[PDB]
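Asker: Quick one, what's the 3D model for this:
(one chain, ligands or ions: 2)
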Amino acid sequence: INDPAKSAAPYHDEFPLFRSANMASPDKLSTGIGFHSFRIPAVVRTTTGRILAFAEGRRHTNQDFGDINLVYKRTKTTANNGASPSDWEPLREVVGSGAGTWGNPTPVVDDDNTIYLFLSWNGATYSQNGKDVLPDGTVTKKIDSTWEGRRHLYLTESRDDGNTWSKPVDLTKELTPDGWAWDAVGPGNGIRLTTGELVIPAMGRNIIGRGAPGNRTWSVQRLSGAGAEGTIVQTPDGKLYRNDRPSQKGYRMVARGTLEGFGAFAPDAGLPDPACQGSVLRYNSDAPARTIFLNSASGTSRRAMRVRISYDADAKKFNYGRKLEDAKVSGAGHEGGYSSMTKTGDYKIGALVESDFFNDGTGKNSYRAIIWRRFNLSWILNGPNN
Ligand SMILES: O=C(O)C1=C[C@H](O)[C@@H](O)[C@H]([C@H](O)[C@H](O)CO)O1
Ligand code: NA
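Answerer: Numbering: from 1, shown residues only. Ligands and ions are numbered 1, 2, ... in the order given. Sharing the structure here:
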């Protein structure tokens with residue numbers, strides 16, 4: 001019942017980390033290339049302590065399709081824990097080739113400090129729904145089951161602590177079931193199990209990595225009733241836990257299992273969700289073991305961000321937690337949407353959270369920004385709503 005962390009001085013700090021085209025000092029690459037919006041965050045701490053923050057750089061609009069590059073920023077040092085804006089390097093690029101979509105960043109750090117980054121790709125003239133108008137007036141084809149028209153699964157990696165990345169290798173034929181059209185990896189993060197394997201959540205399946213760190217053999221674990229956008233964590237009992245976005249507004253969809261297979265997905269009545277991505281973090285395994293969860297705690301709105309703790313060996317129930325609005329950021333738009341968490345080297349939780357200026361309401365011209373937050377467990381536990 002007791003948590004020693006509650007007695008620690010609570011700590012929080014927050015500031016925009018990916019600054020959209022409308023903001024002062026917008027984030028652009030060294031080449032001069034800029035971005036309307038940043039969406040779809042992912043963050044990991046490497047074995048050195050450096051933090052790598054990834055996002056989709058959406059070139060022209062906030063839309064999911066069209067010219068989108070995979071961007072990132074690193075902490076300048078391995079020891080600064082991204083505490084302040086001057087602790088972060090300028091925007092860099094993992095991959096941006098072509099006018100198609102490079103996205104769904106889903107990283108995982110392997111034992112040797114190889115950072116794997118799983119990505120989704122689609123072509124310049126395709127979108128999920130089809131018939132969408134691109135900036136130049138071209139009308140999209142619906143994503144389909146052809147090589148040119150399907151969603152691809154790519155893999156890139158860094159061997160130098162995120163400083164450089166390989167040209168992404170296409171693993172669609174290997175790790176995406178044949179005849180598929182739409183696909184998604186993550187987005188958010190994969191995990192490394194106590195038992196040594198990697199697990200990357202994807203649509204309808206987990207991607208499993210076995211063998212030597214940074215030189216893994218990959219295989220597909222097919223799942224029944226999973227979502228398109230999944231999260232994975234190892235719970236304190238050592239079991240696996242999928243917590244997926246629901247197909248329709250309502251609740252998070254949870255299933256538990258092992259590398260030998262999963263049980264059925266069922267909605268967690270304790271975790272409302274507006275049909276949006278969420279994130280999950282394995283915090284610690286010694287008493288009191290903790291799992292962290294972040295999403296929008298609402299059946300209707302993405303503007304209800306709430307970080308929570310579970311002390312259950314199977315993460316059966318999460319506490320009420322704390323609303324991120326208790327520590328709001330100013331001048332970055334309306335916070336809420338997709339999220340990603342890591343642990344920092346100075347015993348904080350680091351979270352990336354989407355934010356929306358809403359200047360064009362629900363429309364394509366609404367600038368999207370990404371917030372970086374740090375808070376400790378004490379901050380979570382001393383919230384007004386626990
Ligand atoms: O902000 C969203 O709702 C969203 C953003 C991503 O860029 C899309 O790949 C994703 C996808 O449309 C759903 O998972 C349904 O397949 O949705
Ligand atoms: Na591009």
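Asker: List, one by one, the residues from the chain near ligand 2.
Answerer: 67, 69, 96 (Cβ under 5 Å from the ion). Where C-beta positions appear, they are placed from N, C-alpha and C, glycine not excepted.
Asker: so the first one makes contact with residue 61?
Answerer: No: no contact is recorded between residue 67 and residue 61 when judged using Cβ atoms under 8 Å, the distance being 9.5 Å.
Asker: Identify the spatial nearest neighbour of the one residue in the chain that gets nearest to ligand 2, chain neighbours not counted.
Answerer: In the chain, the residue that lies nearest ligand 2 is residue 96 (4.1 Å; Cβ to the ion). Distances taken as Cβ to Cβ, 6 or more residues apart in numbering place residue 69 nearest to residue 96, at 3.3 Å, with adjacent residues excluded.
Asker: Give the helix, strand or coil label for residue 173.
Answerer: helix (DSSP: H, G, I helix; E, B strand; the rest coil).
Asker: Run a quick neighbour tally on it.
Answerer: By other Cβ atoms under 10 Å, 10 other residues sit near residue 173.
Asker: can you check residue 260 too?
Answerer: 7.
Asker: go on, residue 36?
Answerer: So residue 36, with other Cβ under 10 Å, has 23 neighbours.
Asker: neighbour-wise, which of the residues of the chain next to ligand 2 leads?
Answerer: Counting by other Cβ under 10 Å, top hit in the residues of the chain next to ligand 2: residue 69 with 21 neighbours.
Asker: Ligand 1 contacts on this protein?
Answerer: 40, 64, 128, 184, 228, 229 (Cβ under 6 Å from any ligand atom).
Asker: If we use 8 Å, what do you get?
Answerer: Contact residues, the chain versus ligand 1 (Cβ under 8 Å from any ligand atom): 39-40, 56, 64, 103-104, 120, 128, 182, 184, 187, 203, 227-229, 245, 275-277, 337-338.
Asker: Any quick ChimeraX command for the buried ones out of those?
Answerer: Buried residues within those, by 16 or more other Cβ atoms under 10 Å, are selected in ChimeraX with:
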select :39,40,56,64,103,104,120,128,184,187,203,227,229,245,275,276,277,337,338
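Asker: Which ones among the residues of the chain next to ligand 1 map onto strands?
Answerer: 39, 40, 56, 103, 104, 120, 337, 338 (DSSP state E).
Asker: Quick one: those as CSV, columns for distance to residue 13 too.
Answerer: Output for these, formatted as CSV (distance: Cβ to Cβ, whole Å):
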residue, distance to residue 13
39, 23
40, 23
56, 25
103, 28
104, 28
120, 32
337, 20
338, 21
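Asker: What distance do you get for the residue nearest to residue 290 when sequence neighbours are not counted to residue 170?
Answerer: Using Cβ to Cβ, 6+ apart and skipping residues adjacent in sequence, the residue nearest residue 290 is residue 283, 4.0 Å away. Distance, residue 283 to residue 170, by Cβ to Cβ, to the nearest Å: 35 Å.
Asker: of these two, who's got more company?
Answerer: Higher neighbour count among residue 283 and residue 170: residue 283, with 18 against 13, using other Cβ under 10 Å.
Asker: That one reaches residue 308, doesn't it?
Answerer: No: in this structure, residue 283 is not within contact of residue 308 by Cβ under 8 Å, at 11.4 Å.
Asker: anything in contact with each of those two?
Answerer: Common contacts of residue 283 and residue 308, defined by Cβ atoms under 8 Å, 6 or more residues apart in numbering, comprise residue 292.
Asker: Which residue ranges of the stretch 251-386 of the chain form helices?
Answerer: 377-381 (DSSP state H, counting those that start in this stretch).
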